[PDB]
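Here you get one chain, nothing else, as structure tokens; it is the form deposited in one PDB entry.
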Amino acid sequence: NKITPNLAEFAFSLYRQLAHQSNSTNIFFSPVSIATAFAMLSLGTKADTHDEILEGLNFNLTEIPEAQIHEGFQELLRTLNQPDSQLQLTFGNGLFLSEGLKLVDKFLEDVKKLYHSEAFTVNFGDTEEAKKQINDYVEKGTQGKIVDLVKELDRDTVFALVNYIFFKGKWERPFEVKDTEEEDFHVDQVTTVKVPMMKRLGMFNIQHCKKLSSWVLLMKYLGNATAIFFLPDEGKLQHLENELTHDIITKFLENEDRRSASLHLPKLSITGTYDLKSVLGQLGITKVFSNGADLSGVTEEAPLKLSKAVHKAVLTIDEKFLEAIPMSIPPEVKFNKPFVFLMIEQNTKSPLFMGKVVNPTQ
């Protein structure tokens, strides 16, 4: 609740960072999985090292008490890993520390207690074997969906962090597979490529927002989440990207109005892999990754730093009551060119995912 605004801001800061690099690859990550992981990590850091982290996650410490921060991440975690409820979400974070280091019990506690996360010890003396364990942890965690995540480890690595998330939720209102068919997806102003296109004619929470200069579609997932798709007008993609804000999103989530439209949405599966040291570094989080790292909350007498941090986010979208639709020409809304999207957990309103699809068949 209290940290939602901060998470929404971190999501935009990260997205805009990634968007500046490439403009051809499909951006896709979990602001929530990344933030939760480093907020947890900060519990083992002090002073500068500790503040760069929370500030890197868009938390102004001069205004928000640390207790409120961790408290927010904890209520959010309860929601995501609720036994009784749906969502069909698989995520996790793994901390791998060198054996031989004397860990501080308290840290290990809060990790497995407050953030209900996992901490492991490994022999980094054997680099190939260490990343095999790490990768097996991820693979096993994602039922084999995410394999060989970590490709390398420098030799002096004594602490590594892996954060993964896989989502394949079902729509509240399904698509007809028999209606799904190959269509052109415009990757350029004059170039096209074929992709499987799901389609449906019905009452949709959809509208053309003029401030974003793009179509905005909201669709509910089974459970407590909602997907938001933004289709920018010809040449308005980056205008869209710069205009996005938390309030604008909140507004869309408030609207309940539906209307008829023939929708064409691509059936796809996209992934996103990022080097957090490189990416979060550009966000000011560099201390915890340096030799000057103050991680006395993790190990007391020996020097320590986080030498490896990786994030992987995977999303699958497919076809997955009686409506009333008027017999008037409905708008045909085709997501057959680059678009942006957001996944919002309904309870906390936090941004579960965020990405851009420039090429579904990439």
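The first residue of the sequence shown is number 1, and the count goes up from there.
Quick note: we don't show the form deposited with a small molecule bound, though the next part is all about it.
Visitor: Under a 4.5 angstroms heavy atom criterion, identify the one residue in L280, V158, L89, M219 near the small molecule in the entry with it bound.
Guide: In short, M219.
Visitor: Which residue, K236, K267, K145, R258, has a heavy atom that falls within 4.5 Å of the small molecule in the entry with it bound?
Guide: Comparing distances to the small molecule in the entry with it bound, the residue within 4.5 Å is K267.
Visitor: Even though the small molecule is not shown here, does it sit in the entry with it bound so that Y137, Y274 and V310 each have a heavy atom within 4.5 Å?
Guide: Contact check failed for every one of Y137, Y274 and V310.
Visitor: Is there a non-hydrogen atom of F341 within 4.5 angstroms of a non-hydrogen atom of the small molecule in the entry with it bound?
Guide: Yes - in the entry with it bound, heavy atoms of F341 and the small molecule come within 4.5 Å of each other.
Visitor: Is there any non-hydrogen atom of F38 lying within 4.5 Å of the small molecule in the entry with it bound?
Guide: Although the small molecule is absent here, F38 would stay clear of it in the entry with it bound, with no heavy atoms inside 4.5 Å.
Visitor: Quick check on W171: any heavy atom within 4.5 Å of the small molecule in the entry with it bound?
Guide: The answer is yes: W171 has a heavy atom within 4.5 Å of the small molecule.
Visitor: Can you check whether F166 is within 4.5 Å of the small molecule in the entry with it bound, heavy atom basis?
Guide: Result no; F166 lies far from the small molecule in the entry with it bound.
Visitor: Given that the partner is absent here, state which listed stretch (258-266, 115-123, 67-75, 158-166) has heavy atoms within 4.5 Å of the small molecule in the entry with it bound.
Guide: In short, 258-266.
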